[PDB]
Amino acid sequence: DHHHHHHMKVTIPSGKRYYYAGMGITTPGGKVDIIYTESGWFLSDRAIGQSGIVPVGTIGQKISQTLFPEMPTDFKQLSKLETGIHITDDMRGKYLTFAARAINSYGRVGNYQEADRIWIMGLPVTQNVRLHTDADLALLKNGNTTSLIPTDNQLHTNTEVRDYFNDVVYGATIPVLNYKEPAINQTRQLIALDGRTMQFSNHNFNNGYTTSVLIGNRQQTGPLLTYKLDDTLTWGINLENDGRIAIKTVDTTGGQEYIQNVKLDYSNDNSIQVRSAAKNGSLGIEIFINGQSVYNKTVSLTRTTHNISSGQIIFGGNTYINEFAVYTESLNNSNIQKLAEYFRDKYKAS
Ligand SMILES: [Ca+2]
Ligand code: NA
Ligand code: NA
Ligand code: NA
């Protein structure tokens, strides 16, 4: 007396490990290769059950304490068909999966076998994205093999971090940590530059730009975000330990002032968004902290004329960055608020 195991290949040919909403994406269809099968598409809840816990993104596969949704109890059936799924806004921050199960001669239903899972990015505004990095998707890299970052609250420099919008691997050394956050009873990741920088070149600051950043709930200091407008003119945001924010303009051919009435509470996460565009030969800059617009000033380009057509965006400091996006648009108020709401609720279960 013995038992045979029979095989199924369950895939999404050409499918990716993540997609954005708001971009007109429809996934490729699923495929099952084999007595009978039942297949379909499933979408996770926003609370992973036993007070459910919030799901967090990955493009890797299960050292790590991250909790991932379990099939089938943490999922709802989206389709009984195999054809591809049109991504909708309601799917953001959830896992989408194609799965199939075998049924035997006696009607007995096996366990679901999944294709590679799809994380639907939380980012609610995709128009004009130039760079997008979610620290939760960073992986550990040893040689050419990647794996999940261990939940040890240590800065690892053997990492792989991308601009996920264009699917480009960053070459800079980017330390990342993974830790269990008690406020959410779930892990998350933070880019921890520790004084290093991430330097992005060829940015035309005459045109509309928005840089949106979510920083973590730890004390931080240093030059979180700097715009190197040209070879001699620089504008930057500097964090202090007390939570005050210093804005500095340096013209090596400026000034320094604190944002008025602003004290970041590092007990919480905080979002900082900067929108800018040139007008009348000066660069106008507006800063939103947690969705409120605290600072709205202009930087003179003539006081000798500064050509800001090929500047740099530089992240730095002793900071903890959970997510950032750079847009080649000065986003309107509605979109600034959509981003602020997303950043506030990224780790809220529901
Ligand atoms: Ca089987
Ligand atoms: Na994401
Ligand atoms: Na590691
Ligand atoms: Na729910």
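Heads up, the Cβs are rebuilt from the backbone with ideal geometry, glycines too, and the neighbour counts pull from every protein chain shown. What is reported rests on the model, the rules as stated and the sources as named; no laboratory instrument gave them.
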Any hit, region 52-61, residues being closer than 29 Å to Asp163 by Cβ and surrounded by fewer than 16 Cβ atoms within 10 Å (Cβ to Cβ): yes
Residue among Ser39, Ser44 that is touching a strand residue (DSSP E or B) at 6+ places or on another chain (Cβ under 8 Å) and within 16 Å of ligand 2 (Cβ to nearest atom): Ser44
Checking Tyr295 against (1) outside any strand (DSSP E or B); (2) among the hydroxyl-bearing types (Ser, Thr, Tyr); (3) away from ligand 2 (no atom under 16 Å from the Cβ), the condition it does not meet: (1)
Residue, nearest to the chain's Cα centre (by Cα), within region 32-51, restricted to residues that are surrounded by 20 or more Cβ atoms within 10 Å (Cβ to Cβ), hydrophobic (A, V, I, L, M, F, W, C) and more than 13 Å from ligand 4 (Cβ to nearest atom): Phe42
Region 24-75 - residue that is touching a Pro at 6+ places or on another chain (Cβ under 8 Å) and not in a loop (DSSP other than H, G, I, E, B) and, of those, farthest from ligand 1 (Cβ to nearest atom): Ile48
Single match in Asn238, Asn318 (criterion: touching an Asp or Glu at 6+ places or on another chain (Cβ under 8 Å) and in the same structural domain as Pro175 (by TED's automatic domain parsing)): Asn318
Selected residue [farther than 23 Å from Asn217 by Cβ and away from ligand 3 (no atom under 16 Å from the Cβ)] from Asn290, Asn333: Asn333
Among the candidates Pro72, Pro55, residue that is within 27 Å of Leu140 (Cα to Cα), touching a strand residue (DSSP E or B) at 6+ places or on another chain (Cβ under 8 Å) and either within 15 Å of ligand 2 (Cβ to nearest atom) or not charged (D, E, K, R) (or both): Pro55
Number of the condition not met by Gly236 [criteria: (1) within 30 Å of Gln65 (Cβ to Cβ); (2) buried (at least 19 other Cβ atoms within 10 Å of the Cβ); (3) not hydroxyl-bearing (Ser, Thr, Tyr)]: (1)
Pick from region 145-202, criterion assigned to a loop (DSSP other than H, G, I, E, B) and β-branched (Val, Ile, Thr), ranking: surrounded by the most Cβ atoms within 10 Å (Cβ to Cβ): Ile149
Conditions (1) assigned to a strand (DSSP E or B); (2) closer than 24 Å to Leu137 by Cα: number failed by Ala21: (1)
